[PDB]
Amino acid sequence: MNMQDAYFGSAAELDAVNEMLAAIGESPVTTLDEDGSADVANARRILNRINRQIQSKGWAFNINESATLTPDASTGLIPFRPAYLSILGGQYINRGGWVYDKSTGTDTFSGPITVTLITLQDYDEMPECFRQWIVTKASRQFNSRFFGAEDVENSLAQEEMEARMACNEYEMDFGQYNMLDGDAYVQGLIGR
Amino acid sequence: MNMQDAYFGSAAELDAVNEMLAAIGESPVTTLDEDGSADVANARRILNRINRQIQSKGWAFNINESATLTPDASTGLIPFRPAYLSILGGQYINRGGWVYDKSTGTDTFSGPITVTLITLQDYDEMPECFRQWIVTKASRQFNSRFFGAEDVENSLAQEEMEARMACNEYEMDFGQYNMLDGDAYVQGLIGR
Amino acid sequence: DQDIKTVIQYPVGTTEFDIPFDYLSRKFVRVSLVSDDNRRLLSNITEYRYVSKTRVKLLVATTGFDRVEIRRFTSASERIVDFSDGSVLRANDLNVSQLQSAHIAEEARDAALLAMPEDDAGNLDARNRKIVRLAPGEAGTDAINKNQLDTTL
Amino acid sequence: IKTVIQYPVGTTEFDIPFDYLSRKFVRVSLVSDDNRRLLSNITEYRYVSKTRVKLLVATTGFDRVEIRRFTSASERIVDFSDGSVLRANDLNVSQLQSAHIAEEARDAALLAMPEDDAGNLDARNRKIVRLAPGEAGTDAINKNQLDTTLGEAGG
Amino acid sequence: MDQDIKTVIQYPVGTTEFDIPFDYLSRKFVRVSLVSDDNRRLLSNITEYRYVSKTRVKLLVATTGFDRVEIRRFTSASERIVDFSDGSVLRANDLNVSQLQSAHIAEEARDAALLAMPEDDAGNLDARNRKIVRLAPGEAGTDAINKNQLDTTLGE
Amino acid sequence: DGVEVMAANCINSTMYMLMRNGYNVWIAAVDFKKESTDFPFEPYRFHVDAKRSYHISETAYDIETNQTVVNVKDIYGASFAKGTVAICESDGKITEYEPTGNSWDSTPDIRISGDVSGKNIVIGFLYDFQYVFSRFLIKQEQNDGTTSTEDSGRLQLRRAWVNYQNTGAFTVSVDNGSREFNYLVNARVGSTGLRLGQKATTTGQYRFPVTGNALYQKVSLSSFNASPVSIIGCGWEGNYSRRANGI
Amino acid sequence: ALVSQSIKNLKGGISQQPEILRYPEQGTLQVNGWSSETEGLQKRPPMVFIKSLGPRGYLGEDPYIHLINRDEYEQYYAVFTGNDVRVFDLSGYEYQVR
């Protein structure tokens, strides 16, 4: 079997959990049982939380500024799904499990409303730089909660910082923000 | 991959693993396929992860600003293969395993689209300076995860910093960037 | 055959439905809202949730759609079981490894059986259905549409 | 098509051309253009050898005897267990079950109209029975429409 | 491509380098063909095209006379890449590749099954803008007719 | 399950003893053989209870049902109530053959599968080797010769390990008040000991995750296999975080 | 911090004592286990089955059994039932007694 003739890829979710366990020196796991092994149950729970937490920060690729929400058909209630990491562009507060206008004291909407929305995404559906930050941050947390070594925590603290910088540069490279022509107020002043 | 001789693609990768083993004071191995163990296997996993981590940062040689993606013939879907470390220069976000457009809410493309792409490239076909950095960084990460010594990590931290500088100088020598005649905006101002 | 287990369609009007097949991963299961003219794939996370291992609940409205479809689509790119040197060999991993390939192959067989089959007479049976689209036939023995017929007329 | 074979009636002994992992995967049925019925093991037929079977019941009213392979994906022929010695043959048979199901899927596609070579859909010199009249021009047209429209033009 | 088909892709002509959009276990399983409406011809490795990288190929032959470039996966069912023998050490790579070969064959069967004419959502057979080649003459009143009969009845 | 032991007397290593079953009475012996097997053909000891070697007759195969019928009563001379009968071939293959229904006295036949004919199988009942650890607490050696623990502050133990000499693919089970996790110890993939033809010797040490309060984590072992097991020692590690120092 | 302890050998046994008081070596349950001197814990050797002596109650409900060990060739296994005496050898053969 010549590996150079073959190109194949494994599961991204399994590798992330598998890479998290290697951070404390443990052996790899073949499958994501979630019932037989406590490491898989503990690791995936931490990985899901870190993945959800990082996305909720708001980046140029997961922020949708033209998202619309249809207000059902019979009643104006819009379901405030728990998947919505943040709703911006207006004042909406999830008053009772439904979207609340919070500017006009109403819970029922006649027509679709445009909002800035961040919806939860699968872990494998992220840029590679963001995936590395998610795994490194989760493994660093997974050490402190469960293993709690000293030299491992110090090493992972530097690794998480380095991965956060790589995501920051990708944020600027993706957005290409400008303080003269991309700025919302200076651009008007440039006109002559 | 080495199309000239498939040996070079496996001999080089053998030395990389055979060099991270020596980082913790281990006798060299001869055949990678016939020596499974739990230490060589861990070494290759870290080397693979470190390889794409450094590549995904973006360098003057692995960035293709004129890369095109052909969107099928009948349909218009571009598969988002995992080899695409970072697709920037536009608004493509990997919506559902395919290439999205964000700016235009569409998934199907009529014709090929140009975009700045970073493709995952094999370890053996990297610049020698980057090959040294990948191995040195991987061996340092391979120490802390499994061996976790103290004086070994102190020495490896210096080597990784020293190796990173060599890549930074080569990145500058490769691109020979200019703030007068290579600059995208001063060039117009210099015109007289 | 009518023993197809991977594909099932329920009429709309109920919030909860049962998955009639077993699956290895939740992302191998596809839930869609199907109508005669429109069809859209309900995402996970937002659109629906799993009441239990074998039952789902729709969190969206089904207005404009006639049927709810649940279909198994296993992917071979995403391996459920990955073997690594130095890791404990378990018979469960070997069983699941074989199961994934069988699941994909069974999906292939169900898809083929869902097509139009030939009856026992040895010729294709359309079962009183009408063939649509069907780009015009250029060879002599090719099937024809009325656009070929109308020009002939 | 390897997984499906049909034999004319008149003989009690029939061969099985395809290799099968289990005797339960093999399906023996009596096929006629009008009706079709399945045969249960032991009671309706018995296995003369590994590759041959004999029909105990009569074949009256049925033109052909059909033998088909239907590998069950739910049940695994090779059950891997700990404390039992693993064999290379056990691994080989384990992959063979998935390969057999794929072969049946390819054959089942061949019974219908699959794509041949450069796209298109081929009926291997097989006519299409039943079918419905086409509402639109793109839709296929049955022989009744041809007979009426060109029969009136013809006469 | 699309959601249902993975092993098949067709690119319009206009460039020399093309991408392989699927994972494969051997380079012999990747088949590159030049496709047009009238005809379609297969390309051999080395002589006609060479592997740029593990997922990209460059074709050396001229692409004139053809409309599209198709890359398709053909996993050999008869020939197993990994053969297990007694007395040999069991490795994870062998288990991974042996599992994948069965899986890759299963996908190829799935794509072939889905390429056959399916029933659509409306409830009737859907040819998907593909002409039905071959086909036998229809005798009964409710039968699909070929163009031979259409031309035959035109004579009178 | 309902086997009563009477008159267990041992000469040298061998330990002879008589048993009642509810159907029959028999004499059995327990021998502490080291690096040896009861029968020449078997590869290893085949740690299966009530074991004996049987040579299946050539005629005991049916083309119709494609099964090799073996009678438990005809080979043992007795009848058994309950248990998992394991039939071991020469190559080391082992298959468990739980009775069809309502004990073995009612249904004493075993179907097997493919043609076997004369192969000198080894047939017996599987028995469960179970051992549960004591609570993983901090133990002080003291000076008067007895070991004393400290229980002033809680201890969150994080990982544990087990040392084994050879073993035969046993399993480790961690149970607390709420859930129960199972970890299986066996030969590692890509190991010289693990070969396709031969049995797995699997020497080494295995580490498994055990998380929670020390007083509630229960660690146990179980084999239920025909393969021998051999556990040497164990260990644990966790976060103590004592509140007040002991004078 | 991370504190660890190791139990070198599991010679141990079983303890009915409270978990705080019992030694690390002693366990709570041990069934079908042979705690050897060299290997810490082992599965007990298999029980080999030789000969069947008859139906239940053949030896009486509550017999008195004595083992006779005279020579390497002859070993007699005498059983005193409620109202009868029976003699067996270690090979399972039964000797008539008058």
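Restricting G:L59, G:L67 to those that are hydrophobic (A, V, I, L, M, F, W, C), touching a strand residue (DSSP E or B) at 6+ places or on another chain (Cβ under 8 Å), in a loop (DSSP other than H, G, I, E, B) and closer than 24 Å to F:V5 by Cβ reduces the list to G:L59. Here is the figure for segment G:70-93: residues that are outside any loop (DSSP other than H, G, I, E, B) and surrounded by fewer than 19 Cβ atoms within 10 Å (Cβ to Cβ) total 7. For segment D:8-41, a residue qualifies if it is exposed (fewer than 15 other Cβ atoms within 10 Å of the Cβ) and not in a loop (DSSP other than H, G, I, E, B), and the qualifying residues are D:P8, D:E13, D:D15, D:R27, D:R36, D:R37, D:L38. Scanning segment F:222-247 for residues that are more than 14 Å from chain D (Cβ to nearest Cβ), under 27 Å from the mean Cα position of the chain (by Cα) and closer than 25 Å to A:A41 by Cβ yields a count of 3. Just to be sure, is A:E153 in a helix (DSSP H, G or I), closer than 23 Å to A:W59 by Cβ and either free of Cβ contacts under 8 Å to residues at least 60 places away in the same chain or in contact with a helix residue (DSSP H, G or I) (Cβ under 6 Å, 6 or more places away or on another chain) (or both)? The answer is no for A:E153. All conditions in (1) surrounded by 20 or more Cβ atoms within 10 Å (Cβ to Cβ); (2) within 14 Å of chain E (Cβ to nearest Cβ) hold for A:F8, with the sole exception of (1). Total residues in segment C:63-90 satisfying the condition of being among the β-branched types (V, I, T) and either within 17 Å of the chain's Cα centre (by Cα) or surrounded by fewer than 18 Cβ atoms within 10 Å (Cβ to Cβ) (or both): the figure is 4. Is it true that some residue in segment B:33-42 is assigned to a helix (DSSP H, G or I), in contact (Cβ under 8 Å) with a residue 12 or more places away in the chain and out of contact with any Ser or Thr (no Cβ under 6 Å at 6 or more places or on another chain)? For segment B:33-42, residues assigned to a helix (DSSP H, G or I), in contact (Cβ under 8 Å) with a residue 12 or more places away in the chain and out of contact with any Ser or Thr (no Cβ under 6 Å at 6 or more places or on another chain): present.
Considering only residues in segment D:109-127 that are assigned to a loop (DSSP other than H, G, I, E, B) and acidic (D, E), the one that is surrounded by the most Cβ atoms within 10 Å (Cβ to Cβ) turns out to be D:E115. Where strands (runs of 3 or more DSSP E) sit wholly within segment F:51-147, those with at least 3 residues that are in contact with a strand residue (DSSP E or B) (Cβ under 7 Å, 6 or more places away or on another chain) and within 14 Å of chain D (Cβ to nearest Cβ) occupy F:85-88, F:94-96, F:121-125. Exactly one residue among A:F174, A:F142, A:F146 is surrounded by 13 or more Cβ atoms within 10 Å (Cβ to Cβ), touching a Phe, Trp or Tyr at 6+ places or on another chain (Cβ under 9 Å) and part of a helix (DSSP H, G or I), and that residue is A:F174.
Scanning segment G:1-33 for residues that are surrounded by 13 or more Cβ atoms within 10 Å (Cβ to Cβ), more than 7 Å from every other protein chain (Cβ to nearest Cβ) and either of a type in the set (A, V, I, L, M, F, W, C) or in contact (Cβ under 8 Å) with a residue 40 or more places away in the chain (or both) turns up just one, G:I14.
Residues of segment D:129-143 that are within 31 Å of the chain's Cα centre (by Cα) and either surrounded by fewer than 19 Cβ atoms within 10 Å (Cβ to Cβ) or within 10 Å of chain C (Cβ to nearest Cβ) (or both): D:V129, D:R130, D:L131, D:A132, D:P133, D:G134, D:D139, D:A140, D:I141, D:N142. Every listed requirement among (1) surrounded by fewer than 17 Cβ atoms within 10 Å (Cβ to Cβ); (2) more than 30 Å from D:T51 (Cα to Cα) is met by F:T59 save one, (2).
Within segment C:59-92, track down each residue that is aliphatic (A, V, I, L, M), in contact with a strand residue (DSSP E or B) (Cβ under 9 Å, 6 or more places away or on another chain) and more than 19 Å from C:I19 (Cβ to Cβ). Once the filter is applied, which keeps residues that are aliphatic (A, V, I, L, M), in contact with a strand residue (DSSP E or B) (Cβ under 9 Å, 6 or more places away or on another chain) and more than 19 Å from C:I19 (Cβ to Cβ), segment C:59-92 yields C:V88, C:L89, C:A91. Evaluate the following for B:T116: is it farther than 19 Å from A:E128 by Cβ and not basic (K, R)? Spelling it out, it is not the case that B:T116 is farther than 19 Å from A:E128 by Cβ and not basic (K, R). Taken over segment C:98-121, the criterion of being aliphatic (A, V, I, L, M) and either facing chain E (nearest Cβ under 9 Å) or under 11 Å from the mean Cα position of the chain (by Cα) (or both) is satisfied by C:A102, C:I104, C:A105, C:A108, C:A111, C:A112, C:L113, C:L114, C:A115, C:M116.
Among the residues making up segment E:30-60, those that are of a type in the set (G, A, S) and more than 14 Å from chain D (Cβ to nearest Cβ) are E:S44, E:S53.
Filter segment E:42-92 down to the residues that are in a loop (DSSP other than H, G, I, E, B), within 25 Å of B:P82 (Cβ to Cβ) and in contact with a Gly (Cβ under 6 Å, 6 or more places away or on another chain) and list them by number. Within segment E:42-92, E:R91 is the sole residue that qualifies. Taking segment A:20-31 as the range and being over 15 Å from C:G86 (Cα atoms) and surrounded by fewer than 21 Cβ atoms within 10 Å (Cβ to Cβ) as the test, no residue passes.
Can you confirm whether C:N147 is of a type in the set (S, T, N, Q), surrounded by fewer than 23 Cβ atoms within 10 Å (Cβ to Cβ) and assigned to a loop (DSSP other than H, G, I, E, B)? Spelling it out, it is not the case that C:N147 is of a type in the set (S, T, N, Q), surrounded by fewer than 23 Cβ atoms within 10 Å (Cβ to Cβ) and assigned to a loop (DSSP other than H, G, I, E, B).
Considering only residues in segment B:95-109 that are surrounded by fewer than 19 Cβ atoms within 10 Å (Cβ to Cβ) and over 18 Å from A:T68 (Cβ atoms), the one that is farthest from the chain's Cα centre (by Cα) turns out to be B:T108. Beta carbons closer than 6 Å, at least 6 apart along the sequence or on distinct chains, pair a first residue in segment B:115-143 that is touching a residue at least 40 places away in the same chain (Cβ under 8 Å) with a second that is among the hydroxyl-bearing types (S, T, Y) for B:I118/B:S86; B:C129/B:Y170. Considering only residues in segment G:34-60 that are over 18 Å from the mean Cα position of the chain (by Cα), closer than 23 Å to F:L221 by Cβ and free of Cβ contacts under 8 Å to residues at least 24 places away in the same chain, the one that is farthest from the other protein chains (Cβ to nearest Cβ) turns out to be G:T38. Residue under question is E:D121, and the condition is that it be touching a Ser or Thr at 6+ places or on another chain (Cβ under 8 Å) and under 22 Å from D:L131 (Cα atoms); does it hold? Yes: the conditions hold for E:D121. Within segment E:61-77, the presence of a residue that is among the aromatic types (F, W, Y) and within 14 Å of chain F (Cβ to nearest Cβ) is excluded. Filtering segment E:99-124 to residues that are of a type in the set (D, E, K, R) and touching a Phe, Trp or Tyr at 6+ places or on another chain (Cβ under 8 Å) leaves only E:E108. A single entry from A:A73, A:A60 fulfils the requirement of being in contact with a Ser or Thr (Cβ under 6 Å, 6 or more places away or on another chain) and either within 22 Å of B:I93 (Cβ to Cβ) or assigned to a loop (DSSP other than H, G, I, E, B) (or both): A:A73.
Heads up, the Cβs are rebuilt from the backbone with ideal geometry, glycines too, and the neighbour counts pull from every protein chain shown. Coordinate-derived values only; no laboratory data.
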